[PDB]
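Report on the following structure.
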Amino acid sequence: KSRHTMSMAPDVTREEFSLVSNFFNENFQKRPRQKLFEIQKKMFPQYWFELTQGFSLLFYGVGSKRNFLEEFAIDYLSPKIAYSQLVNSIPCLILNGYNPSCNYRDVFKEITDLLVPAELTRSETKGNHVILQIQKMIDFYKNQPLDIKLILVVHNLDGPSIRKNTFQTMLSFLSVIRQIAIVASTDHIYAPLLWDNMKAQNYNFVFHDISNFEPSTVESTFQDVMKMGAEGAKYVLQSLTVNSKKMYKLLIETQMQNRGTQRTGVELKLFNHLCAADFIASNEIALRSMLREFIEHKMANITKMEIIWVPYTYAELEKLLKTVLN
Amino acid sequence: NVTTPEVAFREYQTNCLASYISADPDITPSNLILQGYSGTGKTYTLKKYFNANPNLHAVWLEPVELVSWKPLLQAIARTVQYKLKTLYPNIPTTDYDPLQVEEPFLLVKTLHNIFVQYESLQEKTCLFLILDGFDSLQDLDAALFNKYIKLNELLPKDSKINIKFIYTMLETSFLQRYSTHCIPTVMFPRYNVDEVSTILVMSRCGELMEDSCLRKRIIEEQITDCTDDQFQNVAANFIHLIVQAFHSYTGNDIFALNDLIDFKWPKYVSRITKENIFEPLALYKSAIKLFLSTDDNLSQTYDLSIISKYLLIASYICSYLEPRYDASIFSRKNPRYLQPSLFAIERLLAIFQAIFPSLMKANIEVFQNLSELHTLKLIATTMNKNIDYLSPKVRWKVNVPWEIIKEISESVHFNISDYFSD
Amino acid sequence: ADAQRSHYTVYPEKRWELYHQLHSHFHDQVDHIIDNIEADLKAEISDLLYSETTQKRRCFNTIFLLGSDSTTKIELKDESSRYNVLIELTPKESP
Amino acid sequence: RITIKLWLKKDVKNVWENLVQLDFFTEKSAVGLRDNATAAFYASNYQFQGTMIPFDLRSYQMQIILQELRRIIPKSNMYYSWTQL
DNA sequence: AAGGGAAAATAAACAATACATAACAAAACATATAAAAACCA
Ligand SMILES: Nc1ncnc2c1ncn2[C@@H]1O[C@H](COP(=O)(O)OP(=O)(O)OP(O)(O)=S)[C@@H](O)[C@H]1O
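Going line by line, the protein sequences match chains B, E, C and D.
Reading the first sequence from the start, the letters are residues 258 to 343, 355 to 394, 397 to 498, 506 to 535, 547 to 592, 597 to 618 in the entry's author numbering.
Reading the second sequence from the start, the letters are residues 2 to 299, 319 to 353, 372 to 395, 412 to 476 in the entry's author numbering.
Reading the third sequence from the start, the letters are residues 16 to 27, 55 to 137 in the entry's author numbering.
Reading the fourth sequence from the start, the letters are residues 425 to 426, 447 to 529 in the entry's author numbering.
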């Protein structure tokens, strides 16, 4: 099974990747991107009018929408609605769904403090009373004068914590209230698996496409691939004793004398004698103790001759030869 | 020496319980096992002893109305000082908190505190504790039952009042774990077909001759002055037939007979005549219809919509259709008994797009009815019910039997039995 | 800059009026119909919860509300010299 | 080969209920009794999958094997030809 | 119309992966009491 693999790739370090990535995402398709941004700007009065009807507005589409939501929520809408009702403008409570550390307790503790504490609602705070406390919020809000006092934003609604099911139903009861406007965005292709006709009854979602093919700068940070071990032990050797460099150099030679697999490895006895030959290893214990340091940071393997072999590729070890060992 | 009662079918077992229980503590063995399944009247035959013995004192506890051992200790310690108040009201007491105990040390800590002020009594009096239903405690384990055996020996043995136990449990696989302790057991056998009917007639004559549903039907029909014995006969003719037309359905139960009587009784009452009171055999021939049906079940055409109906009919396909065969037989160019296999996502829409009447492309409402079907628990997740949205490794599966699929196939005129081929 | 911190708040027509006289007027017809079924559902549970005097009187009364949306709220009678309480148990609280 | 009431589907369940609590059958992978308290408490929070498949598909296994039934069931009973295969 | 013959199907041994649950950890939720700390007075 001769497969080309990501290990057999010309790799790129940390500062080299992120800088040339920053060059593309700020200079690749710049002119048509704001050219799209001016086209969709005329839809902004249409969103203002429908949002008076308490409609949970939901934005789908390819690409990141994070920049677009923050322009649309903060600068455009939130002072426009305060001027049209008649003083600080309408409070914006974003929810970063790409941040996995969102819970149901903490954000709702913000909500009841963002909303009015007209009564002693801490008396009803008791043991899951969250649905209980919001139910007492809802029926009171059915008989209030209709005006928006809060707009909340939920970025990346299919996020790693917001897509949890006890959190989803929590947002469902918020959306039936007329005083708050719910402007959220998702990115998943299976996002309408999240809602049944029970929740969408509470939601009354409407949909709009926004596809600007954004790079998702902030949304790439928490995500990881093998760019983010061959690269792990690449830094430990840069800070050690000078003898460990030499005893790894003698290790890496005869382990690449023969991918870097088990079969190219060496026996412990002769390697003790080999590192006794260059006046390096005194005995087995002095060898093994500064070999456990290569073991503790998982920089070498052993299987069974008593074969110690390096788990990095054929291409990687000669890169480890000519750069850091030399 | 004790005053034994007498009951219907416990003639051996009344003797042993009179044997293994005396008011004297020295003759009284410490721990005891009353074993038998539900449907033997052990709670009946135990209390029936105790009403005939007013000399002893019984404290009745009920584990089935508790949930755990931590209240069960609180159940014991609250009651003995409750009982000993009502047995020796002259004795002064530093009443302790039964809420305070939560650990098995704390009981014998508190029973060391309780019994010492009661030391001034005149003779060694015993005190029988009764636990009813020790196997159906809902947090039981291996190391709880032995934990209650040795409680007697941690007590001081020379106290004037001695606490001893009687354990009621069932599921005799459980008792086989503890036969090496060799505590004295009195097993209670199950019943036979006659003695089920014999128990049932002497226990249900007191209600079924005195029910107003009879008493209405007395004055509603032309009432001949039929005797209570004439009421006794038709009651006995009812019981001796209802156990005969149903014994294979119910086994040797008593509880399952005590309610099936109270379902078929007024429906039996309406089909009597003025004349069939003297005519019992023809009365059964006129009231026949209830004696061959169970009448315990209080087949739905399902509420869900059309696109959701085809959403169900594609989900049943992967109870037998493997990925090796399906794409060949469903081109756009038997495990009916067995447990269903595991889905993944988009294999549904792989089959759903094929079997739908290019005529459809919008899949927003199709995605709507999935989690609608998830709330109906007709298709459920293999894993926990939380992260199933974002496509991590999540496998799906149906939970509907074949018949409800078969009606719902013809309810949308779709044919399914062709594609199931052994 | 701050976007990795989660949930940080911040504190930054001739035609349409003829819509406004039509929209709410329609919605007065909506919600008045909504309380009708709300009064309907609250009524038919309430009479049926009471007046059912069975003869054995050692059984609970059960009610199956078929086709119901799992959100149907209930009110209770006062019915003095006896407290009448409501307990709700959501499958989230059924471990 | 001959008048015997063959029963339905909706009723055998009532007989099937007593048979599993007479321990003539077991559930397939069911550790019965935990040894101590905190091992049993770790099994209480665990939501199960066998209840999530329906009643008629819980894979029940056997406590009393077929060949031993021939030795206890008398030959006077009509099903004695069915003890042996 | 016959027929070649490649796609499709079947079976069986073996390897690789997923799954159900056991065991546990940890955070949310909850109470208790002696010591600090305000605080009237
Ligand atoms: N010898 C008898 N005479 C009269 N009635 C009896 C006799 N034996 C049993 N019964 C009846 O059988 C009924 C069964 O009562 P239970 O004690 O609950 O049965 P069980 O086998 O103990 O099941 P439980 O409650 O789960 S332990 C009693 O209520 C009595 O009415």
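All C-beta atoms, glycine included, are put in the ideal place defined by N, C-alpha and C.
Below-8 Å beta-carbon distance, residue i vs any chain E residue
{"i": "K115/C", "result": "no"}
{"i": "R478/D", "result": "yes"}
{"i": "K98/C", "result": "yes"}
{"i": "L463/B", "result": "yes"}
{"i": "residue 538/B", "result": "Along chain B, the last residue before the gap is 535 and the first after it is 547, so residue 538/B carries no coordinates."}
{"i": "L450/D", "result": "no"}
{"i": "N398/B", "result": "no"}
{"i": "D494/B", "result": "no"}
{"i": "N521/D", "result": "no"}
CB contact check: residue i to chain B, cutoff 8 Å
{"i": "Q19/C", "result": "yes"}
{"i": "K439/E", "result": "yes"}
{"i": "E135/C", "result": "yes"}
{"i": "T429/E", "result": "yes"}
{"i": "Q422/E", "result": "yes"}
{"i": "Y330/E", "result": "no"}
{"i": "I383/E", "result": "yes"}
{"i": "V25/C", "result": "yes"}
Reference residue i, options the options, closest by Cα
{"i": "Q320/E", "options": "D263/E, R344/E, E461/E", "result": "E461/E"}
{"i": "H182/E", "options": "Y340/E, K151/E, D159/E", "result": "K151/E"}
{"i": "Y97/E", "options": "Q223/E, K268/E, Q82/E", "result": "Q82/E"}
{"i": "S180/E", "options": "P373/E, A24/E, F146/E", "result": "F146/E"}
{"i": "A143/E", "options": "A483/D, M506/D, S525/D, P518/D", "result": "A483/D"}
{"i": "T436/B", "options": "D442/E, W450/E, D472/E", "result": "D442/E"}
{"i": "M496/B", "options": "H261/B, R260/B, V269/B", "result": "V269/B"}
{"i": "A9/E", "options": "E154/E, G42/E, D25/E", "result": "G42/E"}
{"i": "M440/B", "options": "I379/B, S490/B, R448/B", "result": "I379/B"}
{"i": "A59/E", "options": "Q233/E, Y473/E, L128/E, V452/E", "result": "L128/E"}
CB of residue i within 8 Å of CB of residue j, strictly
{"i": "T251/E", "j": "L242/E", "result": "no"}
{"i": "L363/B", "j": "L422/B", "result": "yes"}
{"i": "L74/E", "j": "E103/E", "result": "yes"}
{"i": "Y38/E", "j": "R216/E", "result": "no"}
{"i": "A347/E", "j": "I393/E", "result": "no"}
Straight-line gap, residue i to residue j (C-alpha atoms, nearest Å)
{"i": "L314/B", "j": "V476/B", "result": "5 Å"}
{"i": "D466/B", "j": "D111/C", "result": "12 Å"}
{"i": "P30/E", "j": "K165/E", "result": "8 Å"}
{"i": "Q123/E", "j": "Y50/E", "result": "26 Å"}
{"i": "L341/E", "j": "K322/B", "result": "41 Å"}
{"i": "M210/E", "j": "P498/D", "result": "42 Å"}
{"i": "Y512/B", "j": "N520/B", "result": "16 Å"}
{"i": "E117/C", "j": "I75/C", "result": "19 Å"}
{"i": "residue 596/B", "j": "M524/B", "result": "In the structure shown, chain B runs from 592 directly to 597, leaving residue 596/B without coordinates."}
{"i": "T527/D", "j": "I458/E", "result": "35 Å"}
{"i": "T95/E", "j": "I115/E", "result": "8 Å"}
{"i": "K431/E", "j": "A461/B", "result": "20 Å"}
{"i": "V65/E", "j": "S137/E", "result": "7 Å"}
{"i": "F485/D", "j": "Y13/E", "result": "41 Å"}
CB contact check: residue i to chain C, cutoff 8 Å
{"i": "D140/E", "result": "no"}
{"i": "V319/B", "result": "no"}
{"i": "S335/B", "result": "yes"}
{"i": "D323/E", "result": "yes"}
{"i": "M533/B", "result": "no"}
Near ligand 2: residue i beta-carbon under 7 Å from a heavy atom
{"i": "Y45/E", "result": "No copy of ligand 2 appears in this structure; the ligands present are ligand 1."}
Min CB distance residue i to chain D below 8 Å
{"i": "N372/E", "result": "no"}
{"i": "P395/E", "result": "no"}
TODO: Below 7 Å between beta carbons is the criterion; list the residues of the stretch 142–172 of chain E that meet it against any residue of chain C, in chain order.
DONE: none
Open item on the list: Please identify, using Cβ separations under 7 Å, the residues of the stretch 67–86 of chain C that lie next to chain B, in order along the chain.
Closed with: Under the 7 Å Cβ criterion, the stretch 67–86 of chain C contributes no residue.
Task: Near-chain C residues of the stretch 255–272 of chain E - C-beta to any C-beta below 9 Å - done: The stretch 255–272 of chain E vs chain C, Cβ under 9 Å: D263.
Task: Contacting positions in the stretch 417–448 of chain B - beta carbon closer than 9 Å to chain E - done: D428, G429, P430, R433, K434, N435, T436, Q438
Task: Contact set between the stretch 449–460 of chain B and chain E, restricted to residues whose Cβ is under 8 Å from the partner - done: Taking 8 Å as the Cβ-Cβ cut-off against chain E, the residues of the stretch 449–460 of chain B that qualify are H458, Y460.
TODO: Closer than 9 Å, Cβ to Cβ, to anything on chain E: give me those residues from the stretch 468–495 of chain D, in chain order.
DONE: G476, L477, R478, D479, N480, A481, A483, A484, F485, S488, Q491, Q493
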